[PDB]
Amino acid sequence: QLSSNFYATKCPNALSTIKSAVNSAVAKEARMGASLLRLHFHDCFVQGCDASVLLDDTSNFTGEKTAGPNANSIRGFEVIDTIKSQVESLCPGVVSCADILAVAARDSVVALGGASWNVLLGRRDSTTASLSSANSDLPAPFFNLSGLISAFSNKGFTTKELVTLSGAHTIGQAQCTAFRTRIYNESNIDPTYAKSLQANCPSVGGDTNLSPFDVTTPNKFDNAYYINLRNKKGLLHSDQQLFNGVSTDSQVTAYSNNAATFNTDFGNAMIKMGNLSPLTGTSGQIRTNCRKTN
Ligand code: HEM
Ligand SMILES: *[C@@H]1O[C@H](CO)[C@@H](O)[C@H](O)[C@H]1NC(C)=O
Ligand SMILES: [Ca+2]
Ligand SMILES: [Ca+2]
């Protein structure tokens with residue numbers, strides 16, 4: 001029931017407003033564009049794209065923020081707050097947090113050089129959150145190719161699309177604690193690549209130490225992610241699992257040689273993710289504050 005022109009009459013300038021907030025936020029911090037995109041992913045994979053990941057914990061409620069894959073990982077909440085506030089003065093109670101999260105993800109990719117896609121709008125916000133689902137549904141970086149396939153299959157994604165979506169790691173950064181085991185106890189990685197990574201990612205401590213996902217173009221949305229994979233320069237265990245004599249090898253090679261096919265396929269995959277269990281019609285609500293239920 002989602003449409004790109006959903007806010008055409010209700011709030012004509014909503015999209016422009018969102019693009020502007022994102023553009024400056026990602027200009028001050030390139031990484032922000034990656035945080036926001038990921039934020040949308042963490043929203044959609046846990047009980048639909050309903051902004052459930054934005055609800056703060058309270059005296060009688062526990063959201064998704066403390067979930068294993070969320071705690072100390074996901075960021076961007078502040079940026080979303082100001083985007084919401086601006087749109088609220090523009091047209092009170094029209095634009096939902098769920099849609100904002102979907103647009104921000106898109107504008108961020110574009111700000112970082114990626115190809116834009118038509119975002120479908122019309123999602124409503126939830127009154128609930130699932131800590132448990134956040135823990136189980138979201139993939140872990142130590143998963144093997146089969147496990148990743150299962151994880152995406154549960155949401156209706158195919159192996160190819162999994163490869164397509166992992167491309168999102170063409171921008172952003174990961175904490176040392178997320179790849180430490182790889183650069184030390186793994187062999188399928190360029191020795192020199194590992195060596196340097198061992199420097200700013202001690203086997204003992206320094207968990208917080210961040211390192212780029214795409215060493216070639218850390219903050220530019222392109223197909224370089226796949227090029228790294230071929231040259232065994234993947235950051236996470238889950239990253240190299242796509243190019244290691246397995247089924248996904250061909251797709252990785254296809255993407256590394258043709259950037260356009262990646263750009264196109266990614267947009268389509270994002271639109272698909274944006275359609276994960278949405279609340280529409282009159283169900284849910286248009287939160288005035290993305291951190292709390294009305
Ligand atoms: C294929 C399985 C995937 C796994 C196992 C996974 C896991 C991770 C982990 C461990 C981090 C870093 C967390 C931290 O250290 O704080 C991360 C970052 C990131 N991921 Fe994924 N991810 C996957 C899929 C995706 C998808 C499909 C998207 C969404 C389109 C995405 C977008 C990003 C972005 C852009 C970052 C960087 C965030 C930032 O710099 O703030 N990831 N991912
Ligand atoms: C991943 O694969 C390795 C080698 O088959 C295996 O030892 C390990 O237990 C697997 N872990 C997961 C989470 O699948
Ligand atoms: Ca959700
Ligand atoms: Ca890149």
# chains A, B, ... in the order shown; residues from 1 in each chain; ligands from 1
call {"tool": "residues_around", "arguments": {"residues": "range 22-36 of chain A", "least_positions_apart": "6", "cutoff": "10 Å", "atoms": "only C-alpha atoms", "output": "PDB file with N, CA, C and O atoms, in the first residue's frame"}}
result
ATOM      1  N   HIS A  42      18.310  -2.343  10.530  1.00  0.00           N
ATOM      2  CA  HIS A  42      17.976  -2.863  11.850  1.00  0.00           C
ATOM      3  C   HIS A  42      16.507  -2.642  12.200  1.00  0.00           C
ATOM      4  O   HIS A  42      15.960  -3.304  13.093  1.00  0.00           O
ATOM      5  N   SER A  73      26.350  -0.234  18.991  1.00  0.00           N
ATOM      6  CA  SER A  73      26.637  -0.369  17.564  1.00  0.00           C
ATOM      7  C   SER A  73      25.898   0.664  16.720  1.00  0.00           C
ATOM      8  O   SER A  73      26.521   1.490  16.047  1.00  0.00           O
ATOM      9  N   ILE A  74      24.569   0.603  16.755  1.00  0.00           N
ATOM     10  CA  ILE A  74      23.739   1.515  15.978  1.00  0.00           C
ATOM     11  C   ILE A  74      23.785   2.934  16.520  1.00  0.00           C
ATOM     12  O   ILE A  74      23.839   3.149  17.730  1.00  0.00           O
ATOM     13  N   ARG A  75      23.792   3.899  15.610  1.00  0.00           N
ATOM     14  CA  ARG A  75      23.842   5.313  15.967  1.00  0.00           C
ATOM     15  C   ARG A  75      22.909   6.060  15.025  1.00  0.00           C
ATOM     16  O   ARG A  75      22.253   5.446  14.181  1.00  0.00           O
ATOM     17  N   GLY A  76      22.876   7.384  15.145  1.00  0.00           N
ATOM     18  CA  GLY A  76      22.024   8.187  14.281  1.00  0.00           C
ATOM     19  C   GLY A  76      20.777   8.755  14.935  1.00  0.00           C
ATOM     20  O   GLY A  76      20.185   9.697  14.413  1.00  0.00           O
ATOM     21  N   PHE A  77      20.405   8.217  16.096  1.00  0.00           N
ATOM     22  CA  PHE A  77      19.216   8.655  16.831  1.00  0.00           C
ATOM     23  C   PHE A  77      19.047  10.172  16.894  1.00  0.00           C
ATOM     24  O   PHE A  77      17.944  10.689  16.714  1.00  0.00           O
ATOM     25  N   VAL A  79      20.301  12.515  14.855  1.00  0.00           N
ATOM     26  CA  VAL A  79      19.989  13.028  13.533  1.00  0.00           C
ATOM     27  C   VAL A  79      18.510  12.832  13.234  1.00  0.00           C
ATOM     28  O   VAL A  79      17.851  13.727  12.699  1.00  0.00           O
ATOM     29  N   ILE A  80      17.980  11.679  13.625  1.00  0.00           N
ATOM     30  CA  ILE A  80      16.570  11.382  13.402  1.00  0.00           C
ATOM     31  C   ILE A  80      15.683  12.335  14.208  1.00  0.00           C
ATOM     32  O   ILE A  80      14.637  12.772  13.727  1.00  0.00           O
ATOM     33  N   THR A  82      16.257  15.524  15.106  1.00  0.00           N
ATOM     34  CA  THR A  82      16.157  16.827  14.463  1.00  0.00           C
ATOM     35  C   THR A  82      15.353  16.767  13.163  1.00  0.00           C
ATOM     36  O   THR A  82      14.622  17.708  12.851  1.00  0.00           O
ATOM     37  N   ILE A  83      15.482  15.672  12.414  1.00  0.00           N
ATOM     38  CA  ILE A  83      14.735  15.506  11.166  1.00  0.00           C
ATOM     39  C   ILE A  83      13.251  15.514  11.520  1.00  0.00           C
ATOM     40  O   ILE A  83      12.449  16.218  10.893  1.00  0.00           O
ATOM     41  N   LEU A 101      13.022   7.131   8.449  1.00  0.00           N
ATOM     42  CA  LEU A 101      14.126   6.186   8.480  1.00  0.00           C
ATOM     43  C   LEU A 101      14.405   5.604   7.086  1.00  0.00           C
ATOM     44  O   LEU A 101      15.562   5.390   6.712  1.00  0.00           O
ATOM     45  N   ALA A 102      13.346   5.405   6.304  1.00  0.00           N
ATOM     46  CA  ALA A 102      13.459   4.851   4.957  1.00  0.00           C
ATOM     47  C   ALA A 102      14.026   5.845   3.953  1.00  0.00           C
ATOM     48  O   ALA A 102      14.736   5.465   3.018  1.00  0.00           O
ATOM     49  N   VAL A 103      13.673   7.112   4.128  1.00  0.00           N
ATOM     50  CA  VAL A 103      14.132   8.180   3.252  1.00  0.00           C
ATOM     51  C   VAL A 103      15.575   8.529   3.574  1.00  0.00           C
ATOM     52  O   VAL A 103      16.407   8.652   2.673  1.00  0.00           O
ATOM     53  N   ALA A 104      15.864   8.679   4.865  1.00  0.00           N
ATOM     54  CA  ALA A 104      17.201   9.013   5.345  1.00  0.00           C
ATOM     55  C   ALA A 104      18.205   8.008   4.812  1.00  0.00           C
ATOM     56  O   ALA A 104      19.274   8.381   4.347  1.00  0.00           O
ATOM     57  N   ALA A 105      17.847   6.730   4.864  1.00  0.00           N
ATOM     58  CA  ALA A 105      18.713   5.672   4.355  1.00  0.00           C
ATOM     59  C   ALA A 105      19.031   5.922   2.880  1.00  0.00           C
ATOM     60  O   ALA A 105      20.179   5.792   2.445  1.00  0.00           O
ATOM     61  N   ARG A 106      18.016   6.323   2.124  1.00  0.00           N
ATOM     62  CA  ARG A 106      18.170   6.584   0.700  1.00  0.00           C
ATOM     63  C   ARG A 106      19.024   7.820   0.449  1.00  0.00           C
ATOM     64  O   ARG A 106      19.990   7.765  -0.312  1.00  0.00           O
ATOM     65  N   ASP A 107      18.664   8.936   1.077  1.00  0.00           N
ATOM     66  CA  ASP A 107      19.403  10.181   0.907  1.00  0.00           C
ATOM     67  C   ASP A 107      20.872  10.026   1.299  1.00  0.00           C
ATOM     68  O   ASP A 107      21.743  10.642   0.687  1.00  0.00           O
ATOM     69  N   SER A 108      21.143   9.186   2.294  1.00  0.00           N
ATOM     70  CA  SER A 108      22.504   8.940   2.770  1.00  0.00           C
ATOM     71  C   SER A 108      23.357   8.251   1.706  1.00  0.00           C
ATOM     72  O   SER A 108      24.514   8.616   1.473  1.00  0.00           O
ATOM     73  N   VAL A 109      22.780   7.236   1.072  1.00  0.00           N
ATOM     74  CA  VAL A 109      23.462   6.494   0.024  1.00  0.00           C
ATOM     75  C   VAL A 109      23.792   7.453  -1.114  1.00  0.00           C
ATOM     76  O   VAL A 109      24.901   7.447  -1.636  1.00  0.00           O
ATOM     77  N   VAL A 110      22.835   8.305  -1.459  1.00  0.00           N
ATOM     78  CA  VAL A 110      23.006   9.278  -2.531  1.00  0.00           C
ATOM     79  C   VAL A 110      24.082  10.308  -2.189  1.00  0.00           C
ATOM     80  O   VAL A 110      24.911  10.656  -3.030  1.00  0.00           O
ATOM     81  N   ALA A 111      24.082  10.774  -0.946  1.00  0.00           N
ATOM     82  CA  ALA A 111      25.057  11.756  -0.488  1.00  0.00           C
ATOM     83  C   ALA A 111      26.464  11.181  -0.583  1.00  0.00           C
ATOM     84  O   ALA A 111      27.430  11.904  -0.819  1.00  0.00           O
ATOM     85  N   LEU A 112      26.565   9.866  -0.431  1.00  0.00           N
ATOM     86  CA  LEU A 112      27.850   9.185  -0.489  1.00  0.00           C
ATOM     87  C   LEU A 112      28.213   8.680  -1.884  1.00  0.00           C
ATOM     88  O   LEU A 112      29.094   7.838  -2.034  1.00  0.00           O
ATOM     89  N   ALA A 168      26.288  -3.086   1.114  1.00  0.00           N
ATOM     90  CA  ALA A 168      26.098  -1.908   1.952  1.00  0.00           C
ATOM     91  C   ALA A 168      27.365  -1.600   2.758  1.00  0.00           C
ATOM     92  O   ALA A 168      27.591  -0.460   3.165  1.00  0.00           O
ATOM     93  N   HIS A 169      28.203  -2.612   2.956  1.00  0.00           N
ATOM     94  CA  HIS A 169      29.449  -2.448   3.693  1.00  0.00           C
ATOM     95  C   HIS A 169      30.520  -1.780   2.842  1.00  0.00           C
ATOM     96  O   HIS A 169      31.710  -1.954   3.082  1.00  0.00           O
ATOM     97  N   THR A 170      30.094  -1.053   1.815  1.00  0.00           N
ATOM     98  CA  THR A 170      31.019  -0.340   0.949  1.00  0.00           C
ATOM     99  C   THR A 170      31.346   0.991   1.617  1.00  0.00           C
ATOM    100  O   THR A 170      32.236   1.721   1.168  1.00  0.00           O
ATOM    101  N   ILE A 171      30.596   1.307   2.666  1.00  0.00           N
ATOM    102  CA  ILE A 171      30.764   2.533   3.428  1.00  0.00           C
ATOM    103  C   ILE A 171      30.630   2.177   4.909  1.00  0.00           C
ATOM    104  O   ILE A 171      30.240   1.054   5.246  1.00  0.00           O
ATOM    105  N   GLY A 172      30.980   3.115   5.785  1.00  0.00           N
ATOM    106  CA  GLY A 172      30.868   2.874   7.214  1.00  0.00           C
ATOM    107  C   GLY A 172      32.099   2.282   7.872  1.00  0.00           C
ATOM    108  O   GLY A 172      33.124   2.068   7.215  1.00  0.00           O
ATOM    109  N   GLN A 173      31.994   2.005   9.169  1.00  0.00           N
ATOM    110  CA  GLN A 173      33.102   1.451   9.943  1.00  0.00           C
ATOM    111  C   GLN A 173      32.632   0.429  10.983  1.00  0.00           C
ATOM    112  O   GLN A 173      31.498   0.493  11.463  1.00  0.00           O
ATOM    113  N   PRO A 212      37.600   1.056   8.714  1.00  0.00           N
ATOM    114  CA  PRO A 212      36.711   1.088   7.547  1.00  0.00           C
ATOM    115  C   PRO A 212      36.349  -0.302   7.030  1.00  0.00           C
ATOM    116  O   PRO A 212      37.152  -1.232   7.106  1.00  0.00           O
ATOM    117  N   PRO A 218      36.458   3.920   1.758  1.00  0.00           N
ATOM    118  CA  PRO A 218      35.734   3.870   3.031  1.00  0.00           C
ATOM    119  C   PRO A 218      34.403   4.609   3.082  1.00  0.00           C
ATOM    120  O   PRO A 218      33.413   4.068   3.575  1.00  0.00           O
ATOM    121  N   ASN A 219      34.358   5.816   2.529  1.00  0.00           N
ATOM    122  CA  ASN A 219      33.133   6.611   2.574  1.00  0.00           C
ATOM    123  C   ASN A 219      32.529   6.992   1.232  1.00  0.00           C
ATOM    124  O   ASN A 219      32.068   8.117   1.038  1.00  0.00           O
ATOM    125  N   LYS A 220      32.536   6.043   0.304  1.00  0.00           N
ATOM    126  CA  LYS A 220      31.953   6.260  -1.013  1.00  0.00           C
ATOM    127  C   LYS A 220      31.174   5.012  -1.392  1.00  0.00           C
ATOM    128  O   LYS A 220      31.696   3.888  -1.304  1.00  0.00           O
ATOM    129  N   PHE A 221      29.916   5.207  -1.766  1.00  0.00           N
ATOM    130  CA  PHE A 221      29.051   4.107  -2.142  1.00  0.00           C
ATOM    131  C   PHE A 221      29.318   3.649  -3.569  1.00  0.00           C
ATOM    132  O   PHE A 221      28.859   4.262  -4.533  1.00  0.00           O
TER     133      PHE A 221
END
call {"tool": "residues_near_ligand", "arguments": {"ligand": "ligand 3", "cutoff": "12 Å", "atoms": "only C-alpha atoms and all ligand atoms", "output": "ChimeraX atom specification"}}
result
/A:39-55,63-65,97-99,101-102,123-134,137-138,273-279
call {"tool": "write_last_selection", "arguments": {"atoms": "C-alpha atoms", "output": "mmCIF file, in the first residue's frame"}}
result
data_model
loop_
_atom_site.group_PDB
_atom_site.id
_atom_site.type_symbol
_atom_site.label_atom_id
_atom_site.label_comp_id
_atom_site.auth_asym_id
_atom_site.auth_seq_id
_atom_site.Cartn_x
_atom_site.Cartn_y
_atom_site.Cartn_z
ATOM 1 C CA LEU A 39 19.664 1.992 11.216
ATOM 2 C CA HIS A 40 16.994 1.398 8.564
ATOM 3 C CA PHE A 41 18.221 -2.198 8.110
ATOM 4 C CA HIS A 42 17.976 -2.863 11.850
ATOM 5 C CA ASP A 43 14.470 -1.402 11.737
ATOM 6 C CA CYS A 44 13.167 -3.506 8.846
ATOM 7 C CA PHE A 45 14.644 -6.861 9.906
ATOM 8 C CA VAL A 46 12.917 -6.817 13.321
ATOM 9 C CA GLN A 47 9.097 -6.983 13.075
ATOM 10 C CA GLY A 48 8.927 -4.815 9.957
ATOM 11 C CA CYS A 49 9.923 -1.258 9.099
ATOM 12 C CA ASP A 50 7.865 0.357 11.857
ATOM 13 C CA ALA A 51 10.458 2.504 13.642
ATOM 14 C CA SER A 52 10.392 0.084 16.569
ATOM 15 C CA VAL A 53 14.169 0.508 16.907
ATOM 16 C CA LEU A 54 13.674 4.165 17.872
ATOM 17 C CA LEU A 55 11.669 3.612 21.080
ATOM 18 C CA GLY A 63 13.013 -1.708 23.414
ATOM 19 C CA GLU A 64 15.547 -3.006 20.919
ATOM 20 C CA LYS A 65 18.413 -0.646 21.801
ATOM 21 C CA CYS A 97 9.346 7.912 11.921
ATOM 22 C CA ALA A 98 9.292 4.716 9.848
ATOM 23 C CA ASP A 99 9.132 6.657 6.582
ATOM 24 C CA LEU A 101 14.126 6.186 8.480
ATOM 25 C CA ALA A 102 13.459 4.851 4.957
ATOM 26 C CA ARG A 123 4.340 3.274 6.724
ATOM 27 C CA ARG A 124 2.923 3.816 10.206
ATOM 28 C CA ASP A 125 4.814 3.674 13.514
ATOM 29 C CA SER A 126 4.532 0.892 16.070
ATOM 30 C CA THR A 127 3.625 0.895 19.751
ATOM 31 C CA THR A 128 5.804 -2.164 20.373
ATOM 32 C CA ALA A 129 9.396 -3.423 20.123
ATOM 33 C CA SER A 130 11.005 -6.866 20.195
ATOM 34 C CA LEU A 131 14.312 -7.226 22.031
ATOM 35 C CA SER A 132 14.185 -10.983 21.453
ATOM 36 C CA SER A 133 13.665 -10.611 17.690
ATOM 37 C CA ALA A 134 16.456 -8.030 17.543
ATOM 38 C CA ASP A 137 16.606 -12.093 13.465
ATOM 39 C CA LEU A 138 19.671 -9.878 12.934
ATOM 40 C CA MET A 273 13.489 -4.350 2.463
ATOM 41 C CA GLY A 274 11.348 -1.254 2.838
ATOM 42 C CA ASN A 275 8.332 -3.497 2.259
ATOM 43 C CA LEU A 276 9.073 -5.758 5.212
ATOM 44 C CA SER A 277 5.892 -6.066 7.317
ATOM 45 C CA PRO A 278 4.643 -2.446 7.201
ATOM 46 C CA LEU A 279 1.837 -0.933 9.256
#
call {"tool": "residues_around", "arguments": {"residues": "range 181-186 of chain A", "least_positions_apart": "6", "cutoff": "10 Å", "atoms": "only C-alpha atoms", "output": "ChimeraX atom specification"}}
result
/A:141-142,193-198,201-203,234-238,240
call {"tool": "atom_distance", "arguments": {"atom1": "atom 38 (C, counted along the ligand's line) of ligand 1", "atom2": "CA of residue 180 in chain A"}}
result
17.0 Å
call {"tool": "residues_around", "arguments": {"residues": "residue 233 in chain A", "least_positions_apart": "4", "cutoff": "7 Å", "atoms": "only C-alpha atoms", "output": "list in words"}}
result
residues 189, 190, 193, 228 and 229 of chain A
call {"tool": "write_last_selection", "arguments": {"atoms": "N, CA, C and O atoms", "output": "JSON list (two decimals), in the first residue's frame"}}
result
[["chain", "number", "residue", "atom", "x", "y", "z"],
["A", 189, "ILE", "N", 42.51, -14.33, 4.24],
["A", 189, "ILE", "CA", 42.66, -12.88, 4.24],
["A", 189, "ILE", "C", 44.09, -12.52, 3.83],
["A", 189, "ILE", "O", 45.03, -13.26, 4.11],
["A", 190, "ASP", "N", 44.23, -11.41, 3.11],
["A", 190, "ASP", "CA", 45.53, -10.93, 2.68],
["A", 190, "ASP", "C", 46.36, -10.68, 3.93],
["A", 190, "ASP", "O", 45.99, -9.85, 4.77],
["A", 193, "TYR", "N", 47.04, -7.16, 4.69],
["A", 193, "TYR", "CA", 45.81, -6.48, 5.07],
["A", 193, "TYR", "C", 45.56, -6.73, 6.55],
["A", 193, "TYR", "O", 45.29, -5.81, 7.32],
["A", 228, "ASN", "N", 37.35, -5.78, -3.02],
["A", 228, "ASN", "CA", 38.08, -6.15, -1.82],
["A", 228, "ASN", "C", 37.90, -7.64, -1.59],
["A", 228, "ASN", "O", 38.88, -8.37, -1.40],
["A", 229, "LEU", "N", 36.65, -8.10, -1.65],
["A", 229, "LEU", "CA", 36.34, -9.51, -1.45],
["A", 229, "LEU", "C", 37.20, -10.41, -2.33],
["A", 229, "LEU", "O", 37.80, -11.36, -1.84]]
